[PDB]
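**Student:** Below is one structure. I have some questions about it.
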Amino acid sequence: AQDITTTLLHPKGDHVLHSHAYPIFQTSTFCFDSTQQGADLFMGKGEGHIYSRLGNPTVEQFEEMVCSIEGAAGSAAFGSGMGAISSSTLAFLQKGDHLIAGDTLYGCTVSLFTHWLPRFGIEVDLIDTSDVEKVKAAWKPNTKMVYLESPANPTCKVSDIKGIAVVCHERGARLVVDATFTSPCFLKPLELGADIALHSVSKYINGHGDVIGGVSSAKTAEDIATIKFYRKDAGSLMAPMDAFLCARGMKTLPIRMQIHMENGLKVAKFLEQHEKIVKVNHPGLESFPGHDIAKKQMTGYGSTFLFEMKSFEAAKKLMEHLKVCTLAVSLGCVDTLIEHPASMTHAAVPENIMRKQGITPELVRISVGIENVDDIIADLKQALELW
Amino acid sequence: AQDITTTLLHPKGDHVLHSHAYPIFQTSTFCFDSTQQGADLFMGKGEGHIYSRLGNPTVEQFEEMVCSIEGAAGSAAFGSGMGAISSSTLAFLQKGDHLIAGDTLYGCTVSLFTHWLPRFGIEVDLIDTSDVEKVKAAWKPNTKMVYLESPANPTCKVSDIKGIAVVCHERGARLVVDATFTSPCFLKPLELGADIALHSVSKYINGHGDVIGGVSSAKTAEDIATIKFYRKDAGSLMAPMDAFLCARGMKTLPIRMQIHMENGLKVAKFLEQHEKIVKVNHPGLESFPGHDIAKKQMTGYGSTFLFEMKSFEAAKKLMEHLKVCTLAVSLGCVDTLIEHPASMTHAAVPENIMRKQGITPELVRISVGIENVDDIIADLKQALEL
Amino acid sequence: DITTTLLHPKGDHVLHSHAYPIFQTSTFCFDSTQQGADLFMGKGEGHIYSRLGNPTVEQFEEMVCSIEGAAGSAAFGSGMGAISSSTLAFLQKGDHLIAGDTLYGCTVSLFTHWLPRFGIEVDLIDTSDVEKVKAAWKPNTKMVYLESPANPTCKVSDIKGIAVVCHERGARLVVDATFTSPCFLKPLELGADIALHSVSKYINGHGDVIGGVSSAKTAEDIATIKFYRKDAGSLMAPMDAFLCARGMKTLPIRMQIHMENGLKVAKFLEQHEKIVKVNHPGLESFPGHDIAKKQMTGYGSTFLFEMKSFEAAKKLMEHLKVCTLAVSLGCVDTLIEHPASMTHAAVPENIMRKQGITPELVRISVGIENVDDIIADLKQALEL
Amino acid sequence: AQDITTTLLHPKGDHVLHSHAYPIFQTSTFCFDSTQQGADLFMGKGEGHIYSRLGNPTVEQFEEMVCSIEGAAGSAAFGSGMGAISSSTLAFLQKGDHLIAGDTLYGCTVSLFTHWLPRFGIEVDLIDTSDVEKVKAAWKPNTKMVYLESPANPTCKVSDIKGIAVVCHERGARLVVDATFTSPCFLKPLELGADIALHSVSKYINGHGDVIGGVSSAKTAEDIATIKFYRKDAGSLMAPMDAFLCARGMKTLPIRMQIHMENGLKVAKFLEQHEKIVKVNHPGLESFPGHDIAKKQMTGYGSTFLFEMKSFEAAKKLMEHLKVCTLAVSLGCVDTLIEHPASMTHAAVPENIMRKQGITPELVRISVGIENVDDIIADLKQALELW
Ligand SMILES: CSCC[C@H](/N=C/c1c(COP(=O)(O)O)cnc(C)c1O)C(=O)O
Ligand SMILES: CSCC[C@H](/N=C/c1c(COP(=O)(O)O)cnc(C)c1O)C(=O)O
Ligand SMILES: CSCC[C@H](/N=C/c1c(COP(=O)(O)O)cnc(C)c1O)C(=O)O
Ligand code: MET
């Protein structure tokens, strides 16, 4: 079969005015041929565009590319990953519905789930999804959705997607997986039984750290139509320029991910053997609890992972004396990022959830870029071996 | 004090590397000097940036421009006017609360209020808000908000914002006003007593028809923080490039609006005197019901208005034989747009609500651009006399 | 209005898009070998490569082509890209060029340093006197280059008068109309052969893109220009072309307020005690007013004025709250500059005096702010 | 020694408002603090900006990146490769000066050298530069410059850059090398004795087929100042937006070139063993004349090469029946391009020069992208094996 590198470099669809690169449709509205042709496009009949919020050609191009790696019925682009998460949950969940979600999630996902959803009459439970039995125990007659991050931000906690999918399929609950950390190159949730696969495009998919974006993919046509229906009213849209950049960045995704995976594994192997390091939470290491599920359900690993220092001051010493790694939040960028979860990405997370995640000031999160691995390792080495 | 033209041309803020034009900050994340400096910003102390979703310098520049015209404590930019509307309502409204909204609104605003809000346990009533005592009768103990469009899409129906604001202040409810149609140049809702003033930037504020965006401005610092706290999780953001283009477009807004207003008035008066036109729904016309309310509360008028034809076939012939006007949805663009509400912008609106709005197959909506008035009038004259 | 023409340009919509798409592409696809071969030979419609032609860029070119009344227009990466392409495409070894003594700094740099390196004889003379153009004439004179009103002194030249001399003696007339814009100055309708602009200024008007455009009277001349651009390589970027076309949408409207603002400012400065001389082509005091009044349908907002001393000029320029100390002109906001030590600092010491540039001269570019706000900003700086 | 992947991902210079990605300075002019501060910057004193034509921060960031791989004193970015070629030649050559240039050059370079330079009183001779003795024989007392393309567009003809450099150094002539076909990753002319190394950034460096651009680098500070002095007058500038994209595209240059090189070699080796193909002109093959010079003087190979079919109609049949490869001009793009030199890129070159270059209607130029090589080979295979 045709390789994914070829698939991404050759998206389906006609060229516009014979242009090799797909044009940036920096426009708000579209022109109608006639009143009937305009009336029909609102009804759903005929091919063409109306208004960029409903559909934009360069945006739709990016959606097609994502839809093609995911193996979905359709994809929806968003202004942010949080736009994707809101439109993948609130498009389906309503007053009286129950949501089971992982206890270890991205900071703002926790914020959306614990603060905003309960205000909308939606029952939410944060559950350890590494254990399928805990997921079964939390299940209720009104359970409509299970939301998973695996490997989780930032602890790399592994969940049994395949096993949970079964329970979701038997009981009529929609399974949504956030696969941001791994990318659609190595994790394809819809193959594992999930109903909706989503990403923060801001991270690996774009990879260049210059755009905030989100994407959501559905196994079903009805489900993607509902997501786009919600997006129409909620209004989280990917800009034409941002879509152009994301598609462009995605052109090199497979090879970037290959280097990410290998760099990340080598950095983690180096850290785990280092005197100053207590523990390394990389899902590709044999020492890691959820390794056997991760290697079975994914075809590779992302390069973002967590590790434990002997103290906060030691962690502070490492982070502030690096010359290649740059101290900043976010991840999945071409260059290596480094961050302190306890006081940055997960400072807003309540300590009730903080303890069980479980994030301590000794922890450092690293997102290994595509720089020569030896340069990255040497940079960490000299910082770890300071006076 | 500076004039509106000068204020928008010289926005408050520092120059970046002595750059005359403000740089497009096409970035996702930002760097930290130290752990403490990064940890501080998340709290947040005191000056600096973290991540574009939380704050982007180019986006913030546009936000401050809108804040200066509205007379607000702060403004938040969005990826769409719908992003602004959702964030201006769902940030405050929760399960068990009650919203009163105008019966005539933009199509997707009707879609948002009728479909999605009741799913979140929010009570919504669509009420004729041109009558103030009708809002008082629709009131409940759990009423937390009133939402208004004045002039409303597409009928140009006018609401007494100042009068409704008094009711909202006395009874503990917020007043949110969609001022897309008139722009902040002519309509400043926060001066009329409203709590939140929002726009579809995609329309007049940008004015060049090349970007989708929204903005919301709050009277109090607490409300705008809550709005931005919602945007943080909801995720409707304005792209750095779009922020650059919106700010750029807003540079000529005052002079564009002045021409929009004058053009829209002459075109409406031309249509009113024409024998093939039943009625023209322009808020600046003496004949229009609620003209006096619009005259006192607004300093000018938008260029988007509705009018009635003899039949559907007559409307069809007009829209399909224009050479200058472009048949397309949207409004507030530099060139002239024309649209059919019944089967386009307000086609997804439930036929129950479409009846109360007064939207018929004979009605045509025009958005008069900044072309020469005589070119637009002549284009209409040619199409009408076939 | 010209506005209607600019808002509704010639051409077909792309996938029904209201705004013309940004063709951020390098190359284009072919249906077959024959179709691709044909386009390289000029047969059929379509595109090959962005340097040869870009749809977004061509859309801007056609907007300029309409207002200028040209056979064709070519966009460039800079005004200097337009200037050098409008001269070095025609001038060759052994040719002679007569150019105005007062030109933009880098246009002087081009003509004085680079042009004579290519075997092109260049003389800079006073083109405000038409009889002086006749005296500078040589048997090998192939081109006259003009700039009216000139940067920065606003020195007006009789374009139609010089055009007659050029036509009779077989020479091209190139006019830099940056200072006035195609709204008010249309050189091709005064008998000029080539009309060019620094789009960076009024045409774009938003001070966020560098670009140039050149419009030719004949189809052969623009083909020569585009043939030169193909090899020289000064191209307008697709994004920049998008921004320039977008900026052009408000051009006539911006120029109306530019003209009126610049006039009221100059009239204020002329009656002010601290100002010796004001060089605005719209003022009746200005020497070349009669020529400018008849040849142009309006005036730009960039002009020059004389202070008592350099210290007084420094005091004025460094205390403005609204106006900005910056080079460039034709922006929506008001810019201020000092020619002797900035724009015309590189201009040779002998051409410096022929132009009449002194350390006392201050150049202002009046934007589209409220007239009273800019006048008040100048008023407080000239007194406090 | 720090690897080039790391170098390109971590360019020197300060971050702007703590922004991770370098901002797009979409501006015309810059503000001054005082009259003297503005006067000094024109005089050359102080830091740093005045007007985008003289210097744009975004553009200078890209120039910095190119300067870093090249090992130059400075770099200048342009609106096109032809902008770079003109400014590297016409910035130094005046009437009475003599230029020696390769006989096999890019189409428009031939146009510039044949049509425009002679009009400026500059003597030009197109010479076979694969033979050092022919370069020596063509030499004159007024010879000021030698311009080389190696491997040449499109025949891939190899020139002895090192050997020609010596002659240039001994006789006081600048050596200028166009290294577009190979990229700075594999060919660094300044290490070989060239004075100026230039690229069409439109090709490999940007790599994404969305930007037209050029860059020129000099060994000497005076020379790059002269090039920039010409640029401000001639007017070929890189747009801030284009600069942003080129820097972005350059982030992944080393890894893209790794795949280009290996893909290109595998495609060439497949074509050479195929019965329909008469000859393959890839500089990395042992059969190719000048392979020994190429493998010594370069660190790798580009993926653009030319091959001979049995007929024009056979060439037509191949080019017009590909499903992955796209029929278009240009090269060095992320996806595979294909064109016909005799009727396309080199249809404008005079017949006396085209016969000298060896371009016949049987020839096909392929620019191998970063698609899975087996997919590329399979696409060519089915097109070659048609009924
Ligand atoms: C069907 S689609 C179309 C659209 C538009 N609008 C629109 C609007 C909106 C939205 O906005 P976006 O930005 O989101 O679009 C809001 N509001 C208001 C008042 C309005 O009118 C029209 O109507 O035409
Ligand atoms: C030294 S730098 C400076 C710049 C500006 N210029 C301007 C100009 C130009 C330039 O152009 P670009 O676009 O190339 O820049 C040209 N021409 C003309 C006539 C003019 O005034 C000024 O002057 O300020
Ligand atoms: C005819 S059109 C086509 C184009 C391309 N070129 C390319 C090139 C150039 C150009 O460059 P730009 O950027 O200007 O395009 C230069 N050089 C070199 C070496 C090369 O290969 C090809 O060939 O394909
Ligand atoms: C808490 S806002 C910044 C978080 C960032 N996107 C991360 O996951 O690293």
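Simple scheme: letters A, B, ... for chains in structure tokens order, numbers from 1 for residues in each chain, numbers from 1 for ligands in the order shown.
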Counting only C-alpha atoms, collect the residues of chain B whose closest atom lies at most 7 Å from chain C, and write them out as an NGL selection string.
**Tutor:** :B and (2-3 or 5-6 or 9 or 21 or 209-210 or 335 or 371-372)
**Student:** Per DSSP on the backbone, what are the helix (DSSP H, G or I) residues of segment 217-379 of chain A, as a PyMOL selection string?
**Tutor:** chain A and resi 221-234+240-250+253-272+291-297+312-319+351-354+373-379
**Student:** Just write the chosen residues, C-alpha atoms, as an mmCIF file, in the first residue's frame.
**Tutor:**
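Output contents, as saved in out_1.cif:
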```cif
data_model
loop_
_atom_site.group_PDB
_atom_site.id
_atom_site.type_symbol
_atom_site.label_atom_id
_atom_site.label_comp_id
_atom_site.auth_asym_id
_atom_site.auth_seq_id
_atom_site.Cartn_x
_atom_site.Cartn_y
_atom_site.Cartn_z
ATOM 1 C CA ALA A 221 -20.264 10.977 9.094
ATOM 2 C CA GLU A 222 -23.089 11.909 11.508
ATOM 3 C CA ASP A 223 -20.527 12.536 14.268
ATOM 4 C CA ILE A 224 -18.290 14.826 12.184
ATOM 5 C CA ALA A 225 -21.372 16.719 10.951
ATOM 6 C CA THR A 226 -22.394 17.296 14.590
ATOM 7 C CA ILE A 227 -18.887 18.524 15.472
ATOM 8 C CA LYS A 228 -18.943 20.960 12.520
ATOM 9 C CA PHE A 229 -22.507 21.949 13.472
ATOM 10 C CA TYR A 230 -21.294 22.867 16.979
ATOM 11 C CA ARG A 231 -18.220 24.669 15.551
ATOM 12 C CA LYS A 232 -20.545 26.821 13.421
ATOM 13 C CA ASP A 233 -22.182 28.196 16.591
ATOM 14 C CA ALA A 234 -19.291 27.980 19.078
ATOM 15 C CA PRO A 240 -6.732 30.367 6.307
ATOM 16 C CA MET A 241 -3.101 31.404 6.944
ATOM 17 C CA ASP A 242 -2.889 29.052 9.938
ATOM 18 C CA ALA A 243 -4.369 26.198 7.880
ATOM 19 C CA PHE A 244 -1.815 26.861 5.125
ATOM 20 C CA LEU A 245 0.986 26.698 7.713
ATOM 21 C CA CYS A 246 -0.366 23.529 9.377
ATOM 22 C CA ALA A 247 -0.650 21.662 6.066
ATOM 23 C CA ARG A 248 2.850 22.882 5.162
ATOM 24 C CA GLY A 249 4.209 21.698 8.530
ATOM 25 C CA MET A 250 2.412 18.373 8.144
ATOM 26 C CA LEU A 253 5.421 15.099 9.901
ATOM 27 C CA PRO A 254 6.379 11.422 9.297
ATOM 28 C CA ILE A 255 10.130 12.122 9.167
ATOM 29 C CA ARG A 256 10.005 14.639 12.036
ATOM 30 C CA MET A 257 8.227 12.032 14.181
ATOM 31 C CA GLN A 258 10.862 9.420 13.324
ATOM 32 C CA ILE A 259 13.604 11.695 14.681
ATOM 33 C CA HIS A 260 11.438 12.783 17.634
ATOM 34 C CA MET A 261 10.905 9.127 18.597
ATOM 35 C CA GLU A 262 14.578 8.140 18.344
ATOM 36 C CA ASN A 263 15.924 11.327 19.972
ATOM 37 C CA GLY A 264 13.399 11.037 22.813
ATOM 38 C CA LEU A 265 14.273 7.396 23.523
ATOM 39 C CA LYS A 266 18.016 8.146 23.585
ATOM 40 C CA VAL A 267 17.584 11.182 25.863
ATOM 41 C CA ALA A 268 15.402 9.113 28.230
ATOM 42 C CA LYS A 269 17.899 6.215 28.223
ATOM 43 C CA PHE A 270 20.679 8.702 29.046
ATOM 44 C CA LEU A 271 18.689 10.307 31.874
ATOM 45 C CA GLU A 272 17.610 6.984 33.438
ATOM 46 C CA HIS A 291 5.005 0.006 28.496
ATOM 47 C CA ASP A 292 3.433 -3.282 27.344
ATOM 48 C CA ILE A 293 0.125 -1.575 26.487
ATOM 49 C CA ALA A 294 1.892 1.335 24.745
ATOM 50 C CA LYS A 295 4.089 -0.843 22.486
ATOM 51 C CA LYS A 296 1.059 -2.946 21.516
ATOM 52 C CA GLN A 297 -1.409 -0.125 20.814
ATOM 53 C CA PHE A 312 13.124 21.333 43.334
ATOM 54 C CA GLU A 313 16.403 23.285 43.538
ATOM 55 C CA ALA A 314 18.182 20.674 41.392
ATOM 56 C CA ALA A 315 15.343 20.825 38.848
ATOM 57 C CA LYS A 316 15.612 24.631 38.927
ATOM 58 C CA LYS A 317 19.375 24.294 38.386
ATOM 59 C CA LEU A 318 18.985 22.068 35.315
ATOM 60 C CA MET A 319 16.227 24.095 33.619
ATOM 61 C CA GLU A 351 -4.306 20.020 44.561
ATOM 62 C CA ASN A 352 -7.084 17.434 45.013
ATOM 63 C CA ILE A 353 -6.290 16.318 41.445
ATOM 64 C CA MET A 354 -2.607 17.376 41.683
ATOM 65 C CA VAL A 373 20.724 13.933 19.792
ATOM 66 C CA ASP A 374 24.356 14.156 21.003
ATOM 67 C CA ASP A 375 24.075 17.966 21.159
ATOM 68 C CA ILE A 376 20.897 17.643 23.261
ATOM 69 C CA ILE A 377 22.528 15.029 25.536
ATOM 70 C CA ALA A 378 25.714 17.109 25.975
ATOM 71 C CA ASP A 379 23.597 20.161 26.849
#
```
**Student:** Need to verify the contact set: residue 15 of chain D, 12 Å, only C-alpha atoms, exclusion of same-chain residues closer than 4 positions in sequence. Can you return it as a ChimeraX atom specification?
**Tutor:** /A:326 /B:16-17,25,27,30-33 /D:10-11,19-23,57-58,61
**Student:** I need the residues from that last selection saved to file as a PDB file, in the first residue's frame (with N, CA and C atoms), if you can.
**Tutor:**
```pdb
ATOM      1  N   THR A 326      15.353  25.203  25.380  1.00  0.00           N
ATOM      2  CA  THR A 326      14.786  26.498  25.752  1.00  0.00           C
ATOM      3  C   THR A 326      13.653  26.356  26.770  1.00  0.00           C
TER       4      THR A 326
ATOM      5  N   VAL B  16       7.879  47.619  18.935  1.00  0.00           N
ATOM      6  CA  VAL B  16       8.703  46.418  18.986  1.00  0.00           C
ATOM      7  C   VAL B  16       9.900  46.583  18.047  1.00  0.00           C
ATOM      8  N   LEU B  17      11.101  46.637  18.625  1.00  0.00           N
ATOM      9  CA  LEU B  17      12.346  46.921  17.889  1.00  0.00           C
ATOM     10  C   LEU B  17      12.243  48.132  16.949  1.00  0.00           C
ATOM     11  N   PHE B  25       3.109  38.462  15.385  1.00  0.00           N
ATOM     12  CA  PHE B  25       3.673  37.473  16.293  1.00  0.00           C
ATOM     13  C   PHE B  25       3.122  36.081  16.001  1.00  0.00           C
ATOM     14  N   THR B  27       3.538  32.994  16.546  1.00  0.00           N
ATOM     15  CA  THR B  27       4.195  32.099  17.489  1.00  0.00           C
ATOM     16  C   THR B  27       3.159  31.377  18.336  1.00  0.00           C
ATOM     17  N   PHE B  30       6.042  31.155  24.347  1.00  0.00           N
ATOM     18  CA  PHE B  30       7.008  32.197  24.681  1.00  0.00           C
ATOM     19  C   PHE B  30       8.075  31.672  25.641  1.00  0.00           C
ATOM     20  N   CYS B  31       9.253  32.291  25.611  1.00  0.00           N
ATOM     21  CA  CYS B  31      10.381  31.881  26.445  1.00  0.00           C
ATOM     22  C   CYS B  31      10.331  32.505  27.832  1.00  0.00           C
ATOM     23  N   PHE B  32      10.947  31.821  28.794  1.00  0.00           N
ATOM     24  CA  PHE B  32      11.080  32.334  30.154  1.00  0.00           C
ATOM     25  C   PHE B  32      12.540  32.632  30.490  1.00  0.00           C
ATOM     26  N   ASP B  33      12.758  33.667  31.297  1.00  0.00           N
ATOM     27  CA  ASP B  33      14.100  34.032  31.760  1.00  0.00           C
ATOM     28  C   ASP B  33      14.574  33.076  32.848  1.00  0.00           C
TER      29      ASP B  33
ATOM     30  N   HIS D  10      18.829  26.673  16.286  1.00  0.00           N
ATOM     31  CA  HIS D  10      19.192  27.673  17.292  1.00  0.00           C
ATOM     32  C   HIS D  10      20.059  28.790  16.708  1.00  0.00           C
ATOM     33  N   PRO D  11      19.450  29.672  15.893  1.00  0.00           N
ATOM     34  CA  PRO D  11      20.206  30.772  15.308  1.00  0.00           C
ATOM     35  C   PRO D  11      20.569  31.796  16.376  1.00  0.00           C
ATOM     36  N   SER D  19       9.286  36.019  22.480  1.00  0.00           N
ATOM     37  CA  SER D  19       8.649  35.139  21.502  1.00  0.00           C
ATOM     38  C   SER D  19       9.588  34.011  21.083  1.00  0.00           C
ATOM     39  N   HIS D  20       9.047  32.798  21.011  1.00  0.00           N
ATOM     40  CA  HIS D  20       9.821  31.616  20.652  1.00  0.00           C
ATOM     41  C   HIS D  20      10.119  31.585  19.156  1.00  0.00           C
ATOM     42  N   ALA D  21       9.070  31.663  18.341  1.00  0.00           N
ATOM     43  CA  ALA D  21       9.234  31.840  16.903  1.00  0.00           C
ATOM     44  C   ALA D  21       9.536  33.309  16.631  1.00  0.00           C
ATOM     45  N   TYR D  22      10.486  33.571  15.736  1.00  0.00           N
ATOM     46  CA  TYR D  22      10.840  34.947  15.403  1.00  0.00           C
ATOM     47  C   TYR D  22       9.687  35.647  14.679  1.00  0.00           C
ATOM     48  N   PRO D  23       9.262  36.818  15.193  1.00  0.00           N
ATOM     49  CA  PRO D  23       8.123  37.565  14.656  1.00  0.00           C
ATOM     50  C   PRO D  23       8.293  37.990  13.200  1.00  0.00           C
ATOM     51  N   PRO D  57      14.467  42.824  10.223  1.00  0.00           N
ATOM     52  CA  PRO D  57      14.854  41.860  11.263  1.00  0.00           C
ATOM     53  C   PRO D  57      14.523  40.408  10.911  1.00  0.00           C
ATOM     54  N   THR D  58      13.350  40.188  10.321  1.00  0.00           N
ATOM     55  CA  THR D  58      12.911  38.858   9.900  1.00  0.00           C
ATOM     56  C   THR D  58      13.802  38.321   8.781  1.00  0.00           C
ATOM     57  N   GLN D  61      17.328  37.485  10.043  1.00  0.00           N
ATOM     58  CA  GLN D  61      17.283  36.194  10.730  1.00  0.00           C
ATOM     59  C   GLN D  61      17.538  35.025   9.780  1.00  0.00           C
TER      60      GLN D  61
END
```
**Student:** Write down, as a PyMOL selection string, each residue of chain A that has any atom within 6 Å of an atom of chain D, counting only C-alpha atoms.
**Tutor:** chain A and resi 5-6+210+371
**Student:** Between atom CA of residue 90 of chain D and atom CA of residue 87 of chain C, what distance in Å does the model show, to one decimal?
**Tutor:**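 Interatomic distance, atom CA of residue 90 of chain D to atom CA of residue 87 of chain C: 15.2 Å.
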**Student:** Select the residues contacting ligand 1 at a distance of at most 8 Å, based on only C-alpha atoms and all ligand atoms, then format the selection as a VMD selection string.
**Tutor:** (chain A and resid 28 to 29 50 to 51 53 to 54 232 to 233 235) or (chain B and resid 79 to 85 105 to 109 149 152 to 154 178 to 181 199 to 203 212 to 214 328 to 331 339 344 to 346)
**Student:** List all protein, DNA and RNA residues that have at least one atom no more than 10 Å from any atom of ligand 4, counting only C-alpha atoms and all ligand atoms, and write them as a PyMOL selection string.
**Tutor:** (chain A and resi 81-82+105-109+111+153-154+180-181+200+202-203+212+304+328-332+337-341+343-349+365-367) or (chain B and resi 28-30+42+50-54+232)
